[PDB]
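Source file: work34.pdb. Holds: PDB, C-alpha atoms.
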```pdb
MODEL        1
ATOM      1  CA  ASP M   1     106.934  93.288 123.876  1.00  0.00           C
ATOM      2  CA  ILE M   2     104.475  93.968 121.008  1.00  0.00           C
ATOM      3  CA  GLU M   3     102.657  96.388 123.318  1.00  0.00           C
ATOM      4  CA  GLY M   4     106.122  97.531 124.487  1.00  0.00           C
ATOM      5  CA  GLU M   5     107.023  98.384 120.867  1.00  0.00           C
ATOM      6  CA  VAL M   6     103.796 100.428 120.534  1.00  0.00           C
ATOM      7  CA  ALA M   7     104.616 102.088 123.851  1.00  0.00           C
ATOM      8  CA  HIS M   8     108.090 103.063 122.590  1.00  0.00           C
ATOM      9  CA  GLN M   9     106.882 104.577 119.250  1.00  0.00           C
ATOM     10  CA  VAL M  10     104.052 106.520 120.926  1.00  0.00           C
ATOM     11  CA  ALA M  11     106.419 107.804 123.644  1.00  0.00           C
ATOM     12  CA  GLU M  12     108.930 108.870 120.996  1.00  0.00           C
ATOM     13  CA  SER M  13     106.274 111.013 119.224  1.00  0.00           C
ATOM     14  CA  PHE M  14     104.359 111.966 122.359  1.00  0.00           C
ATOM     15  CA  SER M  15     104.303 115.727 121.822  1.00  0.00           C
ATOM     16  CA  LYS M  16     104.556 115.483 118.047  1.00  0.00           C
ATOM     17  CA  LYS M  17     101.758 117.371 116.337  1.00  0.00           C
ATOM     18  CA  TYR M  18      99.720 115.765 113.613  1.00  0.00           C
ATOM     19  CA  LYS M  19      97.014 117.347 111.469  1.00  0.00           C
ATOM     20  CA  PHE M  20      93.294 116.536 111.480  1.00  0.00           C
ATOM     21  CA  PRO M  21      90.126 117.812 109.768  1.00  0.00           C
ATOM     22  CA  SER M  22      88.526 120.650 111.724  1.00  0.00           C
ATOM     23  CA  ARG M  23      84.814 121.056 112.487  1.00  0.00           C
ATOM     24  CA  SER M  24      84.727 123.977 110.029  1.00  0.00           C
ATOM     25  CA  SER M  25      86.797 123.313 106.868  1.00  0.00           C
ATOM     26  CA  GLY M  26      90.465 123.685 107.815  1.00  0.00           C
ATOM     27  CA  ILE M  27      92.839 121.508 109.820  1.00  0.00           C
ATOM     28  CA  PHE M  28      93.904 121.579 113.461  1.00  0.00           C
ATOM     29  CA  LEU M  29      96.887 120.123 115.275  1.00  0.00           C
ATOM     30  CA  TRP M  30      96.843 117.507 118.041  1.00  0.00           C
ATOM     31  CA  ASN M  31      99.262 115.318 119.982  1.00  0.00           C
ATOM     32  CA  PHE M  32      99.153 112.380 122.432  1.00  0.00           C
ATOM     33  CA  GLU M  33     100.106 114.749 125.280  1.00  0.00           C
ATOM     34  CA  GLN M  34      96.773 116.568 124.751  1.00  0.00           C
ATOM     35  CA  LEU M  35      94.777 113.364 125.403  1.00  0.00           C
ATOM     36  CA  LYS M  36      95.643 113.812 129.124  1.00  0.00           C
ATOM     37  CA  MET M  37      95.976 110.022 129.313  1.00  0.00           C
ATOM     38  CA  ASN M  38      98.685 107.705 130.732  1.00  0.00           C
ATOM     39  CA  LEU M  39     100.999 105.933 128.254  1.00  0.00           C
ATOM     40  CA  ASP M  40      99.574 102.515 129.297  1.00  0.00           C
ATOM     41  CA  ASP M  41      95.947 103.568 128.592  1.00  0.00           C
ATOM     42  CA  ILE M  42      97.008 104.991 125.231  1.00  0.00           C
ATOM     43  CA  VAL M  43      98.836 101.763 124.254  1.00  0.00           C
ATOM     44  CA  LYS M  44      95.858  99.654 125.366  1.00  0.00           C
ATOM     45  CA  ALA M  45      93.547 101.805 123.242  1.00  0.00           C
ATOM     46  CA  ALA M  46      96.013 101.764 120.269  1.00  0.00           C
ATOM     47  CA  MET M  47      95.731  97.942 120.148  1.00  0.00           C
ATOM     48  CA  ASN M  48      92.113  98.339 118.918  1.00  0.00           C
ATOM     49  CA  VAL M  49      93.359  99.888 115.635  1.00  0.00           C
ATOM     50  CA  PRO M  50      93.516  97.279 112.796  1.00  0.00           C
ATOM     51  CA  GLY M  51      97.065  96.441 111.700  1.00  0.00           C
ATOM     52  CA  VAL M  52      98.801  97.890 114.795  1.00  0.00           C
ATOM     53  CA  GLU M  53      99.628  94.462 116.255  1.00  0.00           C
ATOM     54  CA  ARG M  54     101.019  93.166 112.952  1.00  0.00           C
ATOM     55  CA  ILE M  55     103.198  96.216 112.247  1.00  0.00           C
ATOM     56  CA  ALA M  56     104.574  96.504 115.824  1.00  0.00           C
ATOM     57  CA  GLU M  57     105.461  92.804 115.920  1.00  0.00           C
ATOM     58  CA  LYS M  58     107.701  93.416 112.878  1.00  0.00           C
ATOM     59  CA  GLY M  59     109.223  96.601 114.332  1.00  0.00           C
ATOM     60  CA  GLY M  60     107.703  98.589 111.451  1.00  0.00           C
ATOM     61  CA  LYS M  61     106.634 102.235 111.546  1.00  0.00           C
ATOM     62  CA  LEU M  62     103.230 102.555 113.189  1.00  0.00           C
ATOM     63  CA  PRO M  63     100.447 104.815 111.854  1.00  0.00           C
ATOM     64  CA  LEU M  64     100.634 107.265 114.789  1.00  0.00           C
ATOM     65  CA  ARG M  65      98.355 109.957 113.358  1.00  0.00           C
ATOM     66  CA  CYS M  66      95.776 107.253 112.631  1.00  0.00           C
ATOM     67  CA  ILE M  67      96.268 105.787 116.102  1.00  0.00           C
ATOM     68  CA  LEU M  68      95.976 109.155 117.841  1.00  0.00           C
ATOM     69  CA  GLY M  69      92.917 109.966 115.721  1.00  0.00           C
ATOM     70  CA  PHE M  70      91.174 106.736 116.819  1.00  0.00           C
ATOM     71  CA  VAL M  71      92.060 107.092 120.470  1.00  0.00           C
ATOM     72  CA  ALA M  72      91.045 110.772 120.462  1.00  0.00           C
ATOM     73  CA  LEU M  73      87.626 110.022 118.952  1.00  0.00           C
ATOM     74  CA  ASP M  74      87.182 107.251 121.535  1.00  0.00           C
ATOM     75  CA  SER M  75      88.295 109.205 124.650  1.00  0.00           C
ATOM     76  CA  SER M  76      88.476 112.981 124.063  1.00  0.00           C
ATOM     77  CA  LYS M  77      85.580 115.443 124.314  1.00  0.00           C
ATOM     78  CA  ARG M  78      87.899 118.335 123.294  1.00  0.00           C
ATOM     79  CA  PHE M  79      89.164 116.545 120.198  1.00  0.00           C
ATOM     80  CA  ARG M  80      85.523 115.672 119.350  1.00  0.00           C
ATOM     81  CA  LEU M  81      84.471 119.323 119.753  1.00  0.00           C
ATOM     82  CA  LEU M  82      87.389 120.498 117.562  1.00  0.00           C
ATOM     83  CA  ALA M  83      87.111 117.826 114.775  1.00  0.00           C
ATOM     84  CA  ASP M  84      84.988 116.798 111.830  1.00  0.00           C
ATOM     85  CA  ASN M  85      84.341 113.397 113.439  1.00  0.00           C
ATOM     86  CA  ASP M  86      83.164 111.672 110.246  1.00  0.00           C
ATOM     87  CA  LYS M  87      86.166 113.062 108.372  1.00  0.00           C
ATOM     88  CA  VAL M  88      88.535 111.673 111.002  1.00  0.00           C
ATOM     89  CA  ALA M  89      86.893 108.260 110.721  1.00  0.00           C
ATOM     90  CA  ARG M  90      87.526 108.363 106.939  1.00  0.00           C
ATOM     91  CA  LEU M  91      91.091 109.514 107.627  1.00  0.00           C
ATOM     92  CA  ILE M  92      91.635 106.550 109.951  1.00  0.00           C
ATOM     93  CA  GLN M  93      90.648 104.193 107.084  1.00  0.00           C
ATOM     94  CA  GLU M  94      92.903 105.810 104.469  1.00  0.00           C
ATOM     95  CA  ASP M  95      95.936 105.561 106.830  1.00  0.00           C
ATOM     96  CA  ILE M  96      95.216 101.879 107.522  1.00  0.00           C
ATOM     97  CA  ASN M  97      94.866 101.209 103.788  1.00  0.00           C
ATOM     98  CA  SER M  98      98.212 102.961 103.142  1.00  0.00           C
ATOM     99  CA  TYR M  99     100.206 101.177 105.904  1.00  0.00           C
ATOM    100  CA  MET M 100      98.726  97.688 105.165  1.00  0.00           C
ATOM    101  CA  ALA M 101      99.533  98.156 101.525  1.00  0.00           C
ATOM    102  CA  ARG M 102     103.155  99.015 102.498  1.00  0.00           C
ATOM    103  CA  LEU M 103     103.561  95.520 104.049  1.00  0.00           C
ATOM    104  CA  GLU M 104     102.559  93.905 100.705  1.00  0.00           C
ATOM    105  CA  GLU M 105     104.080  96.342  98.284  1.00  0.00           C
ATOM    106  CA  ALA M 106     107.368  96.405  96.408  1.00  0.00           C
ATOM    107  CA  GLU M 107     110.425  97.960  98.026  1.00  0.00           C
TER
ENDMDL
END
```
Show me, as structure tokens, the structure contained in the file I just sent.
Amino acid sequence: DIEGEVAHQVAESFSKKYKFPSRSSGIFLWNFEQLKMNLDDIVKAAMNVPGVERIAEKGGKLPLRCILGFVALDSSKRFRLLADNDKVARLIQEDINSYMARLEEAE
């Protein structure tokens, strides 16, 4: 259901590469596939991200880069070695602010 909707959207973009702040100064690319996690575990972990329940319940577009960022920080040594961890945390916040605003904003 709600979790099923998150599972769908994640599955649909499973190998899709998003961009993140690198340890140095650039960016690097990462996808859900690279988490080496089951879809269930990823959905479970995605539920921790603020706004994900609300958006999925409406069938809206989920913040998948933000979601993947959060899950990667929480579960992935490799991602953590590759990333500016603090910068990703800030990036998580900015995505949430953007998507939550979209629910309130003019169309």
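Here CA of residue 40 in chain M and CA of residue 7 in chain M stand 7.4 Å from one another.
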One residue among M:93, M:87, M:99, M:106 is nearest to residue 24 in chain M when using only C-alpha atoms, and that residue is M:87
From the set M:25, M:13, M:48, M:34, which residue has the shortest atom-to-atom contact distance to residue 74 in chain M, counting only C-alpha atoms?
-> M:48
What does the distance from CA of residue 3 in chain M to CA of residue 43 in chain M come to in Å, to one decimal?
-> 6.7 Å
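Using all atoms listed in the file, the nearest neighbour of residue 45 in chain M within the list M:33, M:20, M:6, M:62 is M:6.
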Pick from M:35, M:29, M:100, M:10, whichever lies nearest to residue 73 in chain M using only C-alpha atoms = M:35
Just give me the gap between CA of residue 104 in chain M and CA of residue 58 in chain M in Å, one decimal is fine.
-> 13.2 Å
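For the choices M:36, M:19, M:90, M:102, the atom-to-atom distance to residue 60 in chain M is smallest for M:102 when using all atoms listed in the file.
Residue nearest residue 84 in chain M, chosen from M:69, M:105, M:21, M:96 and counting only C-alpha atoms: M:21.
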Got a sec to write range 50-80 of chain M of the block to a file, N, CA, C and O atoms, as a CSV table (one decimal), in the first residue's frame?
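decode.csv, freshly written:
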```
chain,number,residue,atom,x,y,z
M,50,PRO,N,11.4,12.0,6.6
M,50,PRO,CA,10.3,12.9,6.8
M,50,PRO,C,9.6,13.3,5.5
M,50,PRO,O,10.3,13.6,4.5
M,51,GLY,N,8.3,13.2,5.5
M,51,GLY,CA,7.5,13.5,4.3
M,51,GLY,C,7.2,12.3,3.3
M,51,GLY,O,6.3,12.4,2.5
M,52,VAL,N,8.0,11.2,3.4
M,52,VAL,CA,7.9,10.1,2.5
M,52,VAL,C,6.5,9.3,2.6
M,52,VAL,O,5.9,8.9,1.6
M,53,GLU,N,6.0,9.2,3.8
M,53,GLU,CA,4.7,8.6,4.1
M,53,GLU,C,3.6,9.5,3.4
M,53,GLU,O,2.7,9.0,2.8
M,54,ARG,N,3.6,10.8,3.7
M,54,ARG,CA,2.6,11.7,3.2
M,54,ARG,C,2.5,11.8,1.7
M,54,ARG,O,1.5,11.7,1.1
M,55,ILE,N,3.7,11.9,1.1
M,55,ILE,CA,3.8,12.0,-0.4
M,55,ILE,C,3.3,10.7,-1.1
M,55,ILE,O,2.5,10.7,-2.0
M,56,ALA,N,3.8,9.5,-0.6
M,56,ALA,CA,3.5,8.2,-1.2
M,56,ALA,C,2.0,7.9,-1.0
M,56,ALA,O,1.4,7.3,-1.9
M,57,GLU,N,1.4,8.3,0.1
M,57,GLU,CA,-0.1,8.1,0.3
M,57,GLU,C,-0.9,8.8,-0.8
M,57,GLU,O,-2.0,8.4,-1.1
M,58,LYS,N,-0.4,9.9,-1.3
M,58,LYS,CA,-1.0,10.7,-2.3
M,58,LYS,C,-0.7,10.3,-3.7
M,58,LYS,O,-1.3,10.8,-4.7
M,59,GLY,N,0.2,9.3,-3.9
M,59,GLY,CA,0.8,9.0,-5.2
M,59,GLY,C,1.6,10.0,-5.8
M,59,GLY,O,1.8,10.0,-7.0
M,60,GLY,N,2.2,10.9,-5.0
M,60,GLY,CA,3.1,12.0,-5.5
M,60,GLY,C,4.5,11.5,-5.8
M,60,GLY,O,4.8,10.4,-5.4
M,61,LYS,N,5.3,12.3,-6.5
M,61,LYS,CA,6.7,11.9,-6.8
M,61,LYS,C,7.5,12.0,-5.5
M,61,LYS,O,7.6,13.1,-4.9
M,62,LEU,N,8.1,10.9,-5.1
M,62,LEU,CA,9.0,10.8,-4.0
M,62,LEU,C,10.4,11.4,-4.2
M,62,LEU,O,10.9,11.4,-5.3
M,63,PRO,N,11.0,12.0,-3.1
M,63,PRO,CA,12.4,12.5,-3.2
M,63,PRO,C,13.4,11.4,-3.2
M,63,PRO,O,14.0,11.1,-2.2
M,64,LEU,N,13.6,10.7,-4.4
M,64,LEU,CA,14.4,9.5,-4.4
M,64,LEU,C,15.9,9.7,-4.2
M,64,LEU,O,16.6,8.8,-3.6
M,65,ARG,N,16.5,10.8,-4.6
M,65,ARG,CA,17.9,11.2,-4.3
M,65,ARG,C,18.1,11.4,-2.8
M,65,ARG,O,19.0,11.0,-2.2
M,66,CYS,N,17.1,12.1,-2.2
M,66,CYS,CA,17.1,12.4,-0.8
M,66,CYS,C,17.0,11.1,0.0
M,66,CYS,O,17.7,10.9,1.0
M,67,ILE,N,16.0,10.2,-0.5
M,67,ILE,CA,15.8,8.9,0.2
M,67,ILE,C,17.1,8.1,0.1
M,67,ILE,O,17.6,7.6,1.1
M,68,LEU,N,17.6,7.9,-1.1
M,68,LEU,CA,18.9,7.1,-1.3
M,68,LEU,C,20.0,7.7,-0.5
M,68,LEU,O,20.8,7.0,0.1
M,69,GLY,N,20.2,9.0,-0.5
M,69,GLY,CA,21.1,9.7,0.4
M,69,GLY,C,21.0,9.2,1.8
M,69,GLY,O,22.0,8.8,2.4
M,70,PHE,N,19.8,9.3,2.4
M,70,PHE,CA,19.6,9.0,3.8
M,70,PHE,C,19.9,7.5,4.1
M,70,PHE,O,20.6,7.3,5.1
M,71,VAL,N,19.4,6.6,3.3
M,71,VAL,CA,19.6,5.2,3.4
M,71,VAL,C,21.1,4.9,3.3
M,71,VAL,O,21.6,4.0,4.0
M,72,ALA,N,21.8,5.6,2.3
M,72,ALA,CA,23.2,5.3,2.1
M,72,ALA,C,24.0,5.7,3.3
M,72,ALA,O,24.9,4.9,3.7
M,73,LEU,N,23.8,6.9,3.8
M,73,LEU,CA,24.5,7.3,5.1
M,73,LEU,C,24.2,6.3,6.2
M,73,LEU,O,25.1,6.1,7.0
M,74,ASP,N,23.0,5.8,6.3
M,74,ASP,CA,22.6,4.9,7.4
M,74,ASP,C,23.2,3.5,7.3
M,74,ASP,O,23.3,2.8,8.3
M,75,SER,N,23.5,3.0,6.1
M,75,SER,CA,23.8,1.6,5.8
M,75,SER,C,25.0,1.3,5.0
M,75,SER,O,25.4,0.1,5.0
M,76,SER,N,25.6,2.3,4.4
M,76,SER,CA,26.7,2.0,3.4
M,76,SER,C,28.1,2.7,3.7
M,76,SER,O,28.3,3.9,3.6
M,77,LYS,N,29.0,1.8,4.1
M,77,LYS,CA,30.4,2.2,4.3
M,77,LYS,C,31.0,2.8,3.1
M,77,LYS,O,31.6,3.9,3.2
M,78,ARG,N,30.8,2.2,1.9
M,78,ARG,CA,31.3,2.7,0.7
M,78,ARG,C,30.9,4.1,0.4
M,78,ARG,O,31.7,5.0,0.1
M,79,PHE,N,29.5,4.3,0.4
M,79,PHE,CA,29.0,5.6,0.2
M,79,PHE,C,29.6,6.6,1.2
M,79,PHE,O,29.9,7.7,0.8
M,80,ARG,N,29.7,6.2,2.5
M,80,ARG,CA,30.3,7.1,3.5
M,80,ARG,C,31.8,7.4,3.3
M,80,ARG,O,32.2,8.5,3.6
```
